[PDB]
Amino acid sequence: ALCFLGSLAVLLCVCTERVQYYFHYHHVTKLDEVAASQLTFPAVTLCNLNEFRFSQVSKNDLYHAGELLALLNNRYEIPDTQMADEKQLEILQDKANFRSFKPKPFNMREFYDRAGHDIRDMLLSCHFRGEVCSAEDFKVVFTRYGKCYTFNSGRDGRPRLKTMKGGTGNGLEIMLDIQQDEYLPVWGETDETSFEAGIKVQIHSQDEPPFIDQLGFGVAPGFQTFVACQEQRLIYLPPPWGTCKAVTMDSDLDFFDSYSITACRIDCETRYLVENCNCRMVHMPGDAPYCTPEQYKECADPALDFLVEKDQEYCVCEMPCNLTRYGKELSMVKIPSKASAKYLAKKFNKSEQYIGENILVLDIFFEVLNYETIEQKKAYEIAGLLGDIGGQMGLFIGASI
C-alpha cells in the first residue's frame, strides 16, 4: 500500500515539530499556596533618618565635616543664613571657634560609628513571640543613612528566629525614641541631612544585604504601626530558558559570597566609586580607603547619585534564580492616648510633649502560616524528548518488518 511512505512522511515531520518546540526552550510557571507549620522570621533592618547626633559632634568633627553638613561655609564659619535657633547658635559658635585649635586626624567611619544614634538609647522596649529582647539582639550594619541595626540578622552563627502562629502576638513589637532633640540642625540641602523625622525600615531575607535608602518603608513618630507580612518565594530559570543568575557560595562578584540584586548593585556602586574617586563610602565593602568629608561632597555623593539615577551602562544586574519577597499591609493608631501620655512621660523621664513627638511602636508579624511560591519549570525536558524520539523510532522500525 501507500502506508509505509505516508507513515515515514508523518513521523519525521511531527518529530521535527517536537524538536522546534524544545529548541524554543519554553518554560511554565507553577503557583502554589503551601500550608506551613512554621516560617523563618525575616531580618528587620532599621535606621534613624538623622545620621549624626548633635551632642556627639566634637569641635574636631565640626572642623572636618561642618561644610558637608552645611553647618559651616568654605571659610570654616557658621553661615550668614540665620536658619539657626538662638540656643543652638550659642552651643555651635562655641564648637565652631577654631582660634588656637589644632586639627586632630578624622575618619568618616569613626564619626558615623560614634555619632550615629545608639540602639541602646533608642530601644525603649522589644518583644518577640512574648519573649523579651534587648539591644544585644540587634547587630550593627552601615547603610547610606549610617549606623543602622538588624534584628534576626542570622549573622554571628546565632540561629534564625521562627514564627509558629499567625497574628501580632507571634511577631516583633519594638517601642523606639527617635530622639528629635539630637537631630543635627538643618541649615542647607545635602545628601546627609533630611527634612523628615522617623525611621526607615526594610524587611528582608537574612541572605540579602539591606538596601534601605532605595527599598525601605517609613515609620512615623506618634503612631503604633502594624505591618502584616506574607512570604512570597520566586524561582526563575537560567539561560537558555530565562536570564537569571545562580545563587550559590561562588557569587562571581568582587565583594559578595552569594548573588542578589542588592549585593550585585552594592558591588557595582563600590567598584564605580573606587574607580572614579579612589575611595569607598563608610557603608561599602572592600579594603579601599574611606572617603573624606571633602571627597564625599566633591566626588562620592555626586558619583553615587549619578550612578543610581542617570547612568544605564555601568550596572548590568540580572534576576537571581532564588528570591524571597515580603508583601506588607501597614495600618496605624495614635500614640500616646491622652490617658497614657503622663504615664509614658514619667516612665521615661521625658516631657509629655516629647513623648508625642518622638515615641513610636512597630509590630511586624505574619497574617497566616503560608507562603505563595511562583516557580518557573522547564516546559519540555531533554530526557522526555528522547522518550518521544525513542517511541517515534520504534514503530517505523516496526513498519520495516
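Start at 1 with the first residue shown and count on from there.
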| query | finding |
| --- | --- |
| Stretch exceeding the other in mean C-alpha B-factor - 329 to 337, 54 to 62 | 54 to 62 |
| Mean C-alpha B-factor comparison - 78 to 86 and 171 to 179, higher one | 78 to 86 |
| Residue selected from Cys264, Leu72, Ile91, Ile199 by maximal Cα B factor | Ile91 |
| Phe101 - Cα temperature factor, lowest/middle/highest third of chain | highest |
| Among modelled residues of the same chain, the CA temperature factor third for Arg155 | highest |
| For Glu67, the third of its chain into which the C-alpha B factor falls | middle |
| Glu294 by Cα B-factor - lowest, middle or highest third of the modelled chain | middle |
| Third of the chain, ranked by Cα B-factor, where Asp301 sits | lowest |
